[PDB]
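Lettering follows sequence order; numbering is per chain, from 1. Hydrogens, waters and symmetry mates are skipped; everything else that's a heavy atom, side chains included, is used.
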Amino acid sequence: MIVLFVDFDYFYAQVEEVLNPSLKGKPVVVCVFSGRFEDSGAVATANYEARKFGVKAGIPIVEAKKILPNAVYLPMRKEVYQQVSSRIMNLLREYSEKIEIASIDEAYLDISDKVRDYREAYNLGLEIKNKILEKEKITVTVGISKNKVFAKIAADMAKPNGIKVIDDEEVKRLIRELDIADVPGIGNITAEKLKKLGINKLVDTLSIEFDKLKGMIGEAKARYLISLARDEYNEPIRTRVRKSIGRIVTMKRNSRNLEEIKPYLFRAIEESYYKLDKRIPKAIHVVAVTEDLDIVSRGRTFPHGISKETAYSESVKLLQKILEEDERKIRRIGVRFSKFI
DNA sequence: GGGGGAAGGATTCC
DNA sequence: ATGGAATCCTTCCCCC
Ligand SMILES: [Mg+2]
Ligand SMILES: [Mg+2]
């Protein structure tokens, strides 16, 4: 087995530079605007003309408008990018039968019985990377090696517009050598939790006790971080399927009142419930985000699927329950839907 | 002790 | 200040 992964360069920033090319060349910032204050919100994607001056997914729109005030500010057009993305999902599968769609902007492939070798890898990788563009005007980064994870790194350190090759010699050579905060799945928090455990790389996971790893990360990551310090890992292109569908919104005011919380809430449902189309959720969850900026949700499963009425109904129920075991002030309030038939 | 879940918080990504 | 859709992982309880 051998895996090629392909990522979509700053997806969102780009779809929009295919819809309006007068955009290309210049700074571009897709964001998510709240209602709170004029231009209230967070950046969501930015191209390199933006990222390069400090503007990145995460940051308040206002502390962007600070750094590059004459950037093009665009609201988030999600659906518009899901479809485009899917058009490219099927062109990808135009090569592979066992495709793995990791997210709207990422997906892995077993070029296995298709390509045996890094000659005929870099070849066909590139193969697809001009076709995605030609047939769609959209640009990626492809990367090569033995497993999922190891391909993502290939892509991560060559993106954007890039093609990474990685000898199963360097699968190792990485381990010993590479920073570990750069591990698919390893964020700030775990990276953090990890130098306190002494670990700065992969290989360094074989020193330290493992039952001490346990409560520091969980066996989860544990074994996971461990298998990769072996050259093994070797885990196969699953299919994968949306598990949850949610939609979370933000209210013109922190609040604790139900007739004040219901409309936002009830909106989340409509929105979530139209994104469901053809799936029956066996479980719901309302997720409020504390005043003081912490999450507090409250799920519930049932022995069948949930009709919007039920969804409407249990939802207030989850919501009060939350106004109980708590009493700050709920700013953002929303809903997920899980265990689909 | 643990299988089999459901509930809840926490962490990752963009 | 701090959007958001989504998953991941810990603990809880039920009962064999
Ligand atoms: Mg991307
Ligand atoms: Mg990271």
Does a side chain donor of either [X] or [Y] reach within less than 3.5 Å of an acceptor in the other side chain?
X        : Y        : value
A/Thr301 : A/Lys339 : yes
A/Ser313 : A/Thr310 : no
A/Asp105 : A/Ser85  : no

So [X], base contact, sugar-phosphate only, or nothing? Heavy-atom distance under 4.0 Å.
X        : result
A/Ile186 : sugar-phosphate
A/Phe8   : nothing
A/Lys66  : nothing

Taking only the side-chain nitrogens and oxygens of [X], find out if one of them lies under 4.0 Å from OP1 or OP2 of [N].
X        : N      : value
A/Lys321 : B/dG8  : yes
A/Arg298 : B/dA7  : no
A/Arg331 : C/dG3  : yes
A/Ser103 : B/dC13 : no

Could you give the [atom1]-to-[atom2] distance, from [X] to [N], as a whole number of Å?
X        : N      : atom1 : atom2 : result
A/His285 : B/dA10 : NE2   : P     : 14 Å
A/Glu291 : C/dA1  : CD    : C1'   : 12 Å
A/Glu314 : B/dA6  : CD    : P     : 15 Å
A/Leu225 : B/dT11 : CG    : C1'   : 14 Å
A/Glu106 : C/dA5  : CD    : P     : 18 Å
A/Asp294 : B/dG8  : CG    : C1'   : 11 Å
A/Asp156 : B/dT12 : CG    : P     : 15 Å
A/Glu79  : C/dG4  : CD    : P     : 13 Å

Transitive ILVMFWY side-chain link A/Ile111 to A/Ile132, under 4.5 Å = yes
Does one hydrophobic cluster hold both A/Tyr10 and A/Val84, with members joined at side-chain heavy-atom distances below 4.5 Å?
-> no
In whole Å, what separates the P atom of C/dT2 from that of B/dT12?
-> 23 Å
Could you tell me if the ring centre of A/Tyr73 sits under 6.0 Å from that of A/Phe33?
-> no
Side chain of A/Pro60: nearest nucleotide among C/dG4, C/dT2, B/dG8?
-> C/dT2
A/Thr301 has a side chain; which of B/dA6, B/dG9, C/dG3 sits nearest to it?
-> B/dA6
Indicate yes or no: does A/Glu325 engage A/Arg298 in a salt bridge with an N to O separation below 4.0 Å.
-> yes
Is it true that A/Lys317 and A/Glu314 have a side-chain N and a carboxylate O under 4.0 angstrom from each other?
-> yes
Which letter, B, S or -, goes with each nucleotide of nucleotides 6-13 of chain C from 5' to 3', with contact meaning a protein heavy atom under 4.0 Å?
-> BBSSS---
